[PDB]
Amino acid sequence: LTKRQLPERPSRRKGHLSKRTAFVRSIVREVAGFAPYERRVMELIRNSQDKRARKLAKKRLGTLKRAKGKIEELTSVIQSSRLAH
Amino acid sequence: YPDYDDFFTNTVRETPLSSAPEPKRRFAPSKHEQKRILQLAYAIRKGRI
Amino acid sequence: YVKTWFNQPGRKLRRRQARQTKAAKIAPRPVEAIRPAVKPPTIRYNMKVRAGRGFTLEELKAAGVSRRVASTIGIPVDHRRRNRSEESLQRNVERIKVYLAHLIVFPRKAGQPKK
Amino acid sequence: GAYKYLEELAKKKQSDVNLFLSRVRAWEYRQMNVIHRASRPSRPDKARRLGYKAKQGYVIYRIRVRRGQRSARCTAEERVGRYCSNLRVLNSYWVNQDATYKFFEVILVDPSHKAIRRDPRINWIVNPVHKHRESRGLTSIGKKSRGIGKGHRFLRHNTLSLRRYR
Amino acid sequence: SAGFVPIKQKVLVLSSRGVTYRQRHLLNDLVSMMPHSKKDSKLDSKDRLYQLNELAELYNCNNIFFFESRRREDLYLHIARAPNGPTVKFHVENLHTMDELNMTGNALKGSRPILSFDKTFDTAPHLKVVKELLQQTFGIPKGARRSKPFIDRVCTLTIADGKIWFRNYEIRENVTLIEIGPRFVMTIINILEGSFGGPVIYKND
Amino acid sequence: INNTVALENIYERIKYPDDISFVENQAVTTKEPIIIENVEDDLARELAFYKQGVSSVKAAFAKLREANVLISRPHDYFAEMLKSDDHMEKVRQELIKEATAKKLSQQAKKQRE
Amino acid sequence: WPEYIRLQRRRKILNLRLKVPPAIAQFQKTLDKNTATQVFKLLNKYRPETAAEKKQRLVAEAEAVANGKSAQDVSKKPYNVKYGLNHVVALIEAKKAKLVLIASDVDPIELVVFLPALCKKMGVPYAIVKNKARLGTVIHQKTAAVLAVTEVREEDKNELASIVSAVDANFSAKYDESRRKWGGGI
Amino acid sequence: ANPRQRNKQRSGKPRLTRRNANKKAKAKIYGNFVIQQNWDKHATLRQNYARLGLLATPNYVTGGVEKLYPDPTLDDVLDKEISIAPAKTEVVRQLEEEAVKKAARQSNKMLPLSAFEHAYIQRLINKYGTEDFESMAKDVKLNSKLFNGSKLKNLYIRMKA
RNA sequence: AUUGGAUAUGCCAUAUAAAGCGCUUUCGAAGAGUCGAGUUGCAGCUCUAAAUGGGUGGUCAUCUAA
RNA sequence: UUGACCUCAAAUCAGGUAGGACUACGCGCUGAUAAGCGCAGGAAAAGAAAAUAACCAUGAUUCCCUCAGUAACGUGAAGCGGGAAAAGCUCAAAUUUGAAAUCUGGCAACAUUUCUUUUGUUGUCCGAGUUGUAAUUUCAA
């Protein structure tokens, strides 16, 4: 049949971060600091025990997808703290 | 017990954050009062105030 | 532990009564609102047509009935069903456009303050 | 407002700030009674999100529960609801824990207060069907416990259906 | 460092979402059968399997296994190598249970077994690539951790009309072949060109 | 489909060295093209696999003789077994009821005279 | 001792004996006596109108309208200090506030713990003053949490540029390392 | 038989006799008054609706209706509608008359302005004329309410008529 | 005699207001010791997330929990 | 000396509120479904998709017939289809900031009643509330 292109539901835009929410998380990421395993990872991501670092996140978080997201999360911290300090 | 890692809030952001435009109800008499005045004004015609 | 059907003549009449007591209040307007024509979703039944839940947000916009004036005049809305193909849309405009052609809404008195 | 920042902060529960307030408040919560009334909700955002408006008639309690088999959060809804026989339960959330106790709070609503009764967003709970909701498994965590959801995950056959004509 | 106490055969027993207890007991049987493997936590990316190489790169493994629980109805199996290699997905069914009273084999945990390969596998180069892969997979390498030097199991591979019939037998002094318990009907499905990726090599038909 | 040349190239890419010892390979393929055509008879394929295994076990032990490895393990050795202990205890108890019927089978058949 | 007092001195000391994170450490170092007497002197012109005497001017506004007169055409945009936590977070994110005042005794400390970090980022000069109730007295309240000047009239702009310079030079210019190290453990 | 109901029968106090059950009295019409006239109370619902001109359902009926006597392409559908579907048996035509004359006196929706609303527009119109409404959203003083460029024209129609 | 929703009509109302839908050179916030993995009898214990993300189903389809 | 504020108390303070009984039917708790424990109504639970589907798609929940003794593993569904009934929505998250626009309570007038027994309006004075009460919005947007 003669199929239409439908617009997108306004609910499928859940999961997209705004510019105001990303500014909320960035502030609270530092003002809350780092958890008593995420201090451990930041050391191992600083002196490049990379295979050892990824081993701990998988064991603690449970899944590589999270265990890769932290890497991407925490490595942005050190590369921004070398310009602050 | 390390120091304070202010890696993000070190600098200053120059822009505002929310981008939705300034509404028109901040540049005119407070329309909530204008409704409130008419409740008092009506009350004078009924003679309760 | 059984399920005996001695009330089956009675639920028929109780439904029949409560379908007449529904019509007492709504004496000039139907006892049930118009339902769309939607095709069943399996490979087995996709050639059939049957009544569904309600008219979509763009079946209804295209017929001239807004989503707010819809449920006043007795037109169910389905905020979940969407019109994938024209045929799903052209069949159901001719459900509304006949319904609006055959329906007469009684007017009402307004509340404009005077003086 | 402040509730955006206070939601994302409340998620980083193990970080240094969220851990320091955990040790401090677990100390004060433990010397208090097993069930003792709050005056403000400790998490004024989670309480605000779960239903608590800050008007008269909304009562915040908080209760520790022993760890280690009904779900702990469910019993915090019941034990507070047996300590207050008038108040109607809305929700109950997590605020703190330690190696030996989980701390919760509970949102309770007075059905007799003529401020709840005059308010059409919370007037559903004055009705008598909502008597001891936490008993019947009719609330936020009593619904999750008993598998009441929508999904393939979560006597009707055991009786023979003998119709008239068969 | 990057490699220390290096064993040649390192496998990963990665399950899928929705395996039954009987479907899971066989996986734990192969865990006991293959001491050169390292069972990890389940990967909830039940369809994004192309990123499993980094998981193998995390544990520095050499063999892989993703026993995909099909539709929570059947049980499948796929295996590949760390560097691309052959990723040949197969279908597994009609398995002999390893916790039943019927199986009465006598084998030792970690014993280096003797694997028997049929000439039918050696006949087709598509099967010959699988045969050598099967020779590298089920066999423990030289110097495995918690392994035994003696042989207490006998692996027999017979392609039963296009489906490999697993046969784990335990020998006794006289060869006195008695089934150890591991025996499943393994019919191959297809073969990927790389490590769970690349173009399809063949449909089995 | 069925790119056997690429499969042979894959067989070359996965070409395990032939210089590896049979004990190091820990495998003994049957030299005969063992084809048990009895798809209906499961007992025929079970013995054929056992016969091919016995042919392999004879060849592997001969290869292990060159490797000078202990093909037989010590009975006094109490290392970890593949079979579980509690299941093996239930396995021995499972065979008790079978022979009890066989004992009653041989006795009653002899009692038929 | 009563049943509760022996807690009331101990939660005083456990805030001292423990390790205060640098986010919370700055909430006890506080604006001094002197410079916290001029801030509230500037604010005591810009109090919100008391709710009793806002109505008093509303009955005087609604009586002339009932005859035909008006003042809405000549009503100039009002002024006062801006208060409330949720209204002042949006006054900082929009870069509208010019002096944010944080109480030093908010009971759940997470309510204001992001504000000295938000004021450092958005460039709004800030200071932490004592006694949430002291702010509450400014705006006719029991307990205020924060205030903010966003716009004083042309009368006090020259005063405000001076009093902020006392706020940075005493709170922000100082207190610069005690906010960057852990506290407590005394 | 029951402890509750052994009590009343062995007593001498009459039962609370409430006769409240007779069938065949089908509920009389309220809500509307015209249909109250042409309703006949014995005839069932679907025989009244489809006698005096109306439907009980616009959809399909899931049963065999009574028979008493031996009875003897997208451009043109989104634009064209069916006709008025004219009225038979004169009572659904009576309903036409009640639905038009009521909407004939309750049809005028002109709004006279207030004393202020007249003068607010009056002050605006004497400063720039009667056509350039679009720049009155940029007037500083007399547009003290900051009204729209459209809303002023809405009052300007209400100004004259 | 109490009571129902209506019909017409009288008086009040305060409307400086509120609402439907075009039109957008603009914006569009979405629920955590929860999800999730490991593991003992949907609960217990250990650990603990993310924003086109997350869930359930065949790269796609469909949904928007706490 | 004094004054706020927080917390905690006391009162035969002002006004309210909770137990207990029936338990056919409802919903939970553990449990050899039975018994025991707990909790409501005229119904209750359920409920407007973190649902199916693989189609030319269906569209909250409930219930009946069927799917069907079928798939799946002696136990035993569910989608589709056919019926009955159909009604949708409300918050949190965006600053009312040109004005806490919100509400309980005390007193006094005016009514009003299933009712001298009921239920409200208006005026006024505290009090609650800026650690957020109203207007606005709930993704269908």
# chains A, B, ... in the order shown; residues from 1 in each chain; ligands from 1
>>> closest_atom_pairs(of="chain C", to="chain H", cutoff="10 Å", atoms="only C-alpha atoms", output="tab-separated table")
residue	atom	partner	partner_atom	distance
C:13	CA	H:23	CA	9.4
C:16	CA	H:45	CA	9.4
C:17	CA	H:26	CA	7.4
C:18	CA	H:27	CA	9.5
C:19	CA	H:45	CA	8.5
C:20	CA	H:45	CA	6.3
C:21	CA	H:27	CA	5.9
C:22	CA	H:27	CA	9.3
C:23	CA	H:45	CA	7.7
C:24	CA	H:29	CA	4.9
C:25	CA	H:31	CA	5.3
C:26	CA	H:31	CA	6.8
C:27	CA	H:32	CA	6.3
C:28	CA	H:35	CA	6.7
C:29	CA	H:56	CA	7.8
C:30	CA	H:56	CA	4.8
C:31	CA	H:56	CA	5.7
C:32	CA	H:57	CA	5.8
C:33	CA	H:57	CA	7.1
C:34	CA	H:58	CA	5.6
C:35	CA	H:59	CA	6.8
C:36	CA	H:59	CA	8.7
C:37	CA	H:59	CA	9.5
C:50	CA	H:60	CA	9.2
C:51	CA	H:59	CA	7.6
C:59	CA	H:78	CA	9.9
C:62	CA	H:78	CA	6.9
C:63	CA	H:78	CA	6.9
C:64	CA	H:78	CA	9.8
C:86	CA	H:74	CA	7.8
C:87	CA	H:74	CA	8.5
C:89	CA	H:74	CA	8.9
C:90	CA	H:74	CA	6.0
C:91	CA	H:77	CA	8.8
C:92	CA	H:77	CA	9.9
C:93	CA	H:78	CA	6.6
C:94	CA	H:77	CA	6.8
C:95	CA	H:58	CA	9.5
C:96	CA	H:81	CA	9.4
C:97	CA	H:81	CA	5.6
C:98	CA	H:82	CA	5.7
C:99	CA	H:58	CA	8.0
C:100	CA	H:82	CA	8.6
C:101	CA	H:84	CA	5.4
C:102	CA	H:85	CA	5.6
C:103	CA	H:84	CA	8.7
C:104	CA	H:96	CA	7.6
C:105	CA	H:99	CA	7.3
C:106	CA	H:99	CA	5.0
C:107	CA	H:103	CA	5.7
C:108	CA	H:103	CA	7.6
C:109	CA	H:106	CA	6.3
C:110	CA	H:106	CA	7.7
C:112	CA	H:111	CA	8.1
C:113	CA	H:111	CA	9.1
C:114	CA	H:112	CA	8.4
C:115	CA	H:112	CA	8.1
>>> residues_around(residues="residue 83 in chain J", least_positions_apart="5", cutoff="9 Å", atoms="only C-alpha atoms (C1' of nucleotides)", output="VMD selection string")
(chain H and resid 62) or (chain J and resid 64 to 65)
>>> select_by_dssp(residues="range 5-61 of chain E", states="alpha helix (DSSP H)", output="list in words")
residues 21, 22, 23, 24, 25, 26, 27, 28, 29, 30, 31, 32, 33, 52, 53, 54, 55, 56, 57 and 58 of chain E
>>> write_last_selection(atoms="C-alpha atoms", output="mmCIF file, in the first residue's frame")
data_model
loop_
_atom_site.group_PDB
_atom_site.id
_atom_site.type_symbol
_atom_site.label_atom_id
_atom_site.label_comp_id
_atom_site.auth_asym_id
_atom_site.auth_seq_id
_atom_site.Cartn_x
_atom_site.Cartn_y
_atom_site.Cartn_z
ATOM 1 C CA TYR E 21 18.806 -24.938 34.725
ATOM 2 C CA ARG E 22 19.298 -28.022 32.560
ATOM 3 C CA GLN E 23 20.544 -25.701 29.811
ATOM 4 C CA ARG E 24 22.966 -24.113 32.293
ATOM 5 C CA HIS E 25 24.195 -27.365 33.855
ATOM 6 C CA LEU E 26 25.729 -28.435 30.542
ATOM 7 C CA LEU E 27 27.571 -25.106 30.334
ATOM 8 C CA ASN E 28 28.982 -25.714 33.815
ATOM 9 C CA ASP E 29 29.845 -29.245 32.681
ATOM 10 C CA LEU E 30 31.969 -27.840 29.850
ATOM 11 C CA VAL E 31 33.448 -25.443 32.410
ATOM 12 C CA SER E 32 34.589 -28.502 34.346
ATOM 13 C CA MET E 33 35.449 -30.268 31.079
ATOM 14 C CA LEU E 52 32.932 -9.192 22.630
ATOM 15 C CA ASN E 53 36.491 -9.014 21.255
ATOM 16 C CA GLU E 54 37.509 -6.431 23.858
ATOM 17 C CA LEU E 55 36.149 -8.734 26.564
ATOM 18 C CA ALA E 56 38.465 -11.402 25.174
ATOM 19 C CA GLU E 57 41.180 -8.741 25.013
ATOM 20 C CA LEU E 58 40.521 -7.927 28.678
#
>>> interface_residues(of="chain I", to="chain E", cutoff="12 Å", atoms="only C-alpha atoms (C1' of nucleotides)", output="count of residues only")
10
>>> interface_residues(of="chain I", to="chain H", cutoff="8 Å", atoms="only C-alpha atoms (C1' of nucleotides)", output="list in words")
residues 5, 6 and 16 of chain I
>>> interface_residues(of="chain H", to="chain J", cutoff="12 Å", atoms="only C-alpha atoms (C1' of nucleotides)", output="ChimeraX atom specification")
/H:4,61-63,144-146
>>> interface_residues(of="chain G", to="chain I", cutoff="12 Å", atoms="only C-alpha atoms (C1' of nucleotides)", output="tab-separated table (two decimals) with N, CA and C atoms, in the first residue's frame")
chain	number	residue	atom	x	y	z
G	65	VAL	N	-9.75	52.54	41.50
G	65	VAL	CA	-10.23	51.89	40.29
G	65	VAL	C	-11.75	51.77	40.32
G	66	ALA	N	-12.33	51.55	41.50
G	66	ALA	CA	-13.78	51.48	41.62
G	66	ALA	C	-14.45	52.82	41.37
G	70	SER	N	-6.55	55.26	38.27
G	70	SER	CA	-5.65	54.13	38.06
G	70	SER	C	-4.23	54.54	38.43
G	72	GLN	N	-1.77	51.73	37.35
G	72	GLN	CA	-1.03	50.71	36.63
G	72	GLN	C	-0.26	51.29	35.45
G	73	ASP	N	-0.76	52.37	34.85
G	73	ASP	CA	-0.04	53.00	33.75
G	73	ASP	C	1.24	53.69	34.21
>>> residues_around(residues="residue 138 in chain G", least_positions_apart="3", cutoff="7 Å", atoms="only C-alpha atoms (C1' of nucleotides)", output="list in words")
residues 44, 47, 134 and 135 of chain G
>>> residues_around(residues="residue 134 in chain J", least_positions_apart="6", cutoff="12 Å", atoms="only C-alpha atoms (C1' of nucleotides)", output="PyMOL selection string")
(chain B and resi 32) or (chain D and resi 119) or (chain J and resi 96+100-103)
>>> write_last_selection(atoms="N, CA, C and O atoms (P, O5', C5', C4', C3', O3' and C1' of nucleotides)", output="PDB file, in the first residue's frame")
ATOM      1  N   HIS B  32      -1.195  39.054  38.037  1.00  0.00           N
ATOM      2  CA  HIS B  32      -1.826  38.414  39.185  1.00  0.00           C
ATOM      3  C   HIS B  32      -2.370  39.458  40.150  1.00  0.00           C
ATOM      4  O   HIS B  32      -3.426  39.257  40.758  1.00  0.00           O
TER       5      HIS B  32
ATOM      6  N   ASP D 119      -8.715  19.366  49.112  1.00  0.00           N
ATOM      7  CA  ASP D 119      -7.723  19.450  48.042  1.00  0.00           C
ATOM      8  C   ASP D 119      -7.934  18.342  47.028  1.00  0.00           C
ATOM      9  O   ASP D 119      -7.714  17.161  47.354  1.00  0.00           O
TER      10      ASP D 119
ATOM     11  P     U J  96       7.693  29.287  38.837  1.00  0.00           P
ATOM     12  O5'   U J  96       6.518  30.337  38.655  1.00  0.00           O
ATOM     13  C5'   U J  96       6.696  31.457  37.810  1.00  0.00           C
ATOM     14  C4'   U J  96       5.651  32.508  38.058  1.00  0.00           C
ATOM     15  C3'   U J  96       6.173  33.925  38.164  1.00  0.00           C
ATOM     16  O3'   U J  96       6.372  34.508  36.895  1.00  0.00           O
ATOM     17  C1'   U J  96       4.655  33.501  39.924  1.00  0.00           C
ATOM     18  P     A J 100       5.085  37.303  45.822  1.00  0.00           P
ATOM     19  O5'   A J 100       3.560  36.892  46.023  1.00  0.00           O
ATOM     20  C5'   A J 100       3.120  35.580  45.694  1.00  0.00           C
ATOM     21  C4'   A J 100       2.177  35.017  46.727  1.00  0.00           C
ATOM     22  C3'   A J 100       2.273  35.649  48.106  1.00  0.00           C
ATOM     23  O3'   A J 100       1.006  35.540  48.745  1.00  0.00           O
ATOM     24  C1'   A J 100       2.835  33.376  48.264  1.00  0.00           C
ATOM     25  P     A J 101      -0.191  36.524  48.338  1.00  0.00           P
ATOM     26  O5'   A J 101      -0.952  35.763  47.164  1.00  0.00           O
ATOM     27  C5'   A J 101      -2.133  36.312  46.598  1.00  0.00           C
ATOM     28  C4'   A J 101      -2.406  35.787  45.208  1.00  0.00           C
ATOM     29  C3'   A J 101      -2.844  34.337  45.091  1.00  0.00           C
ATOM     30  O3'   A J 101      -4.223  34.170  45.366  1.00  0.00           O
ATOM     31  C1'   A J 101      -1.275  34.874  43.383  1.00  0.00           C
ATOM     32  P     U J 102      -4.721  33.515  46.743  1.00  0.00           P
ATOM     33  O5'   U J 102      -3.874  32.176  46.868  1.00  0.00           O
ATOM     34  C5'   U J 102      -4.112  31.077  46.003  1.00  0.00           C
ATOM     35  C4'   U J 102      -3.631  29.791  46.620  1.00  0.00           C
ATOM     36  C3'   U J 102      -4.276  29.416  47.942  1.00  0.00           C
ATOM     37  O3'   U J 102      -5.540  28.799  47.786  1.00  0.00           O
ATOM     38  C1'   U J 102      -1.942  29.215  48.139  1.00  0.00           C
ATOM     39  P     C J 103      -6.734  29.143  48.803  1.00  0.00           P
ATOM     40  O5'   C J 103      -6.387  28.275  50.083  1.00  0.00           O
ATOM     41  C5'   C J 103      -6.300  26.869  49.982  1.00  0.00           C
ATOM     42  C4'   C J 103      -5.699  26.273  51.223  1.00  0.00           C
ATOM     43  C3'   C J 103      -6.379  26.640  52.526  1.00  0.00           C
ATOM     44  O3'   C J 103      -7.562  25.906  52.770  1.00  0.00           O
ATOM     45  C1'   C J 103      -4.060  26.893  52.772  1.00  0.00           C
TER      46        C J 103
END
>>> select_by_dssp(residues="range 44-132 of chain G", states="strand (DSSP E)", output="ChimeraX atom specification")
/G:82-83,99-103,126-129
>>> write_last_selection(atoms="N, CA and C atoms", output="short mmCIF file (atom, residue, chain, number, x, y, z; two decimals), in the first residue's frame")
data_model
loop_
_atom_site.label_atom_id
_atom_site.label_comp_id
_atom_site.auth_asym_id
_atom_site.auth_seq_id
_atom_site.Cartn_x
_atom_site.Cartn_y
_atom_site.Cartn_z
N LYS G 82 15.63 38.90 46.42
CA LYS G 82 15.00 37.72 45.87
C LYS G 82 15.44 36.50 46.67
N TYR G 83 14.47 35.72 47.11
CA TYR G 83 14.68 34.65 48.08
C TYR G 83 14.02 33.37 47.58
N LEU G 99 24.61 38.98 43.99
CA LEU G 99 25.17 38.71 45.31
C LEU G 99 24.31 37.62 45.93
N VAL G 100 24.84 36.41 46.01
CA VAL G 100 24.13 35.27 46.58
C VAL G 100 24.61 35.07 48.01
N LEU G 101 23.67 34.83 48.92
CA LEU G 101 23.96 34.68 50.34
C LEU G 101 23.48 33.32 50.79
N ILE G 102 24.39 32.51 51.32
CA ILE G 102 24.13 31.13 51.68
C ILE G 102 24.15 31.00 53.20
N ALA G 103 23.08 30.44 53.76
CA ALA G 103 23.04 30.17 55.18
C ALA G 103 24.03 29.08 55.54
N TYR G 126 29.71 35.48 45.86
CA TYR G 126 28.95 34.77 46.87
C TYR G 126 29.62 34.93 48.22
N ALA G 127 28.85 34.65 49.26
CA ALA G 127 29.37 34.60 50.62
C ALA G 127 28.45 33.72 51.44
N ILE G 128 29.03 33.05 52.43
CA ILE G 128 28.29 32.17 53.33
C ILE G 128 28.17 32.91 54.66
N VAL G 129 26.94 33.26 55.03
CA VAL G 129 26.69 34.00 56.25
C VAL G 129 26.02 33.08 57.26
#
>>> closest_atom_pairs(of="chain J", to="chain C", cutoff="12 Å", atoms="only C-alpha atoms (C1' of nucleotides)", output="Markdown table")
| residue | atom | partner | partner_atom | distance |
| --- | --- | --- | --- | --- |
| J:33 | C1' | C:1 | CA | 11.7 |
| J:48 | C1' | C:79 | CA | 10.4 |
| J:49 | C1' | C:80 | CA | 9.7 |
| J:51 | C1' | C:80 | CA | 11.3 |
| J:52 | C1' | C:41 | CA | 10.1 |
| J:53 | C1' | C:41 | CA | 7.4 |
| J:54 | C1' | C:42 | CA | 8.7 |
| J:55 | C1' | C:41 | CA | 4.7 |
| J:56 | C1' | C:46 | CA | 6.7 |
| J:57 | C1' | C:41 | CA | 4.3 |
| J:58 | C1' | C:41 | CA | 5.3 |
| J:59 | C1' | C:80 | CA | 6.0 |
| J:60 | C1' | C:78 | CA | 10.6 |
| J:64 | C1' | C:8 | CA | 10.8 |
| J:79 | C1' | C:42 | CA | 9.3 |
| J:80 | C1' | C:42 | CA | 6.1 |
| J:81 | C1' | C:45 | CA | 7.7 |
| J:82 | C1' | C:50 | CA | 10.6 |
| J:84 | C1' | C:15 | CA | 8.4 |
| J:85 | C1' | C:15 | CA | 10.0 |
| J:86 | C1' | C:32 | CA | 8.6 |
| J:87 | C1' | C:71 | CA | 9.5 |
| J:88 | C1' | C:71 | CA | 10.1 |
| J:139 | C1' | C:79 | CA | 11.5 |
| J:140 | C1' | C:79 | CA | 4.8 |
| J:141 | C1' | C:79 | CA | 10.7 |
>>> residues_around(residues="residue 34 in chain B", least_positions_apart="2", cutoff="10 Å", atoms="only C-alpha atoms (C1' of nucleotides)", output="list in words")
residues 29, 30, 31, 32, 36, 37, 38 and 39 of chain B; 58, 61, 62 and 72 of chain G; 16 and 17 of chain I
>>> residues_around(residues="residue 56 in chain F", least_positions_apart="3", cutoff="9 Å", atoms="only C-alpha atoms (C1' of nucleotides)", output="ChimeraX atom specification")
/E:114-116 /F:27-31,51-53,59-61
>>> interface_residues(of="chain D", to="chain J", cutoff="6 Å", atoms="only C-alpha atoms (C1' of nucleotides)", output="NGL selection string")
:D and (49 or 85-86 or 129 or 135-137)
>>> closest_atom_pairs(of="chain G", to="chain D", cutoff="7 Å", atoms="only C-alpha atoms", output="Markdown table")
| residue | atom | partner | partner_atom | distance |
| --- | --- | --- | --- | --- |
| G:21 | CA | D:17 | CA | 6.2 |
| G:85 | CA | D:2 | CA | 6.5 |
| G:86 | CA | D:1 | CA | 3.9 |
| G:87 | CA | D:1 | CA | 6.4 |
| G:89 | CA | D:1 | CA | 5.3 |
| G:90 | CA | D:1 | CA | 6.0 |
| G:108 | CA | D:42 | CA | 6.0 |
>>> write_last_selection(atoms="N, CA and C atoms", output="compact mmCIF listing (two decimals), in the first residue's frame")
# COMPACT_ATOMS: atom_id res chain seq x y z
N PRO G 21 34.52 16.64 54.12
CA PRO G 21 34.96 16.80 52.73
C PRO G 21 35.08 18.27 52.37
N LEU G 85 14.94 28.99 47.55
CA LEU G 85 16.06 28.26 46.98
C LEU G 85 15.87 28.01 45.49
N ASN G 86 14.66 27.64 45.09
CA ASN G 86 14.41 27.28 43.70
C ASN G 86 14.32 28.50 42.80
N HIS G 87 14.01 29.66 43.35
CA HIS G 87 14.02 30.87 42.55
C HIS G 87 15.41 31.46 42.41
N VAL G 89 18.32 29.53 42.36
CA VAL G 89 19.12 28.69 41.48
C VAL G 89 18.92 29.10 40.03
N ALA G 90 17.69 29.46 39.67
CA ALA G 90 17.42 29.95 38.33
C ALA G 90 17.87 31.39 38.13
N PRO G 108 19.47 19.58 56.19
CA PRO G 108 20.09 18.72 55.17
C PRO G 108 21.04 19.56 54.32
>>> decode(residues="range 14-36 of chain E", atoms="C-alpha atoms", output="tab-separated table (two decimals), in the first residue's frame")
chain	number	residue	atom	x	y	z
E	14	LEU	CA	30.00	-16.40	28.19
E	15	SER	CA	26.35	-17.35	28.53
E	16	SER	CA	23.26	-15.56	27.22
E	17	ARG	CA	20.02	-14.32	28.76
E	18	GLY	CA	17.46	-17.01	29.50
E	19	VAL	CA	19.10	-20.43	29.82
E	20	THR	CA	17.26	-23.11	31.78
E	21	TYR	CA	18.81	-24.94	34.73
E	22	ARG	CA	19.30	-28.02	32.56
E	23	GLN	CA	20.54	-25.70	29.81
E	24	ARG	CA	22.97	-24.11	32.29
E	25	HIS	CA	24.20	-27.36	33.85
E	26	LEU	CA	25.73	-28.43	30.54
E	27	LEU	CA	27.57	-25.11	30.33
E	28	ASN	CA	28.98	-25.71	33.81
E	29	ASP	CA	29.85	-29.24	32.68
E	30	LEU	CA	31.97	-27.84	29.85
E	31	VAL	CA	33.45	-25.44	32.41
E	32	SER	CA	34.59	-28.50	34.35
E	33	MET	CA	35.45	-30.27	31.08
E	34	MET	CA	37.51	-27.37	29.75
E	35	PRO	CA	39.81	-26.21	32.58
E	36	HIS	CA	41.51	-23.85	30.10
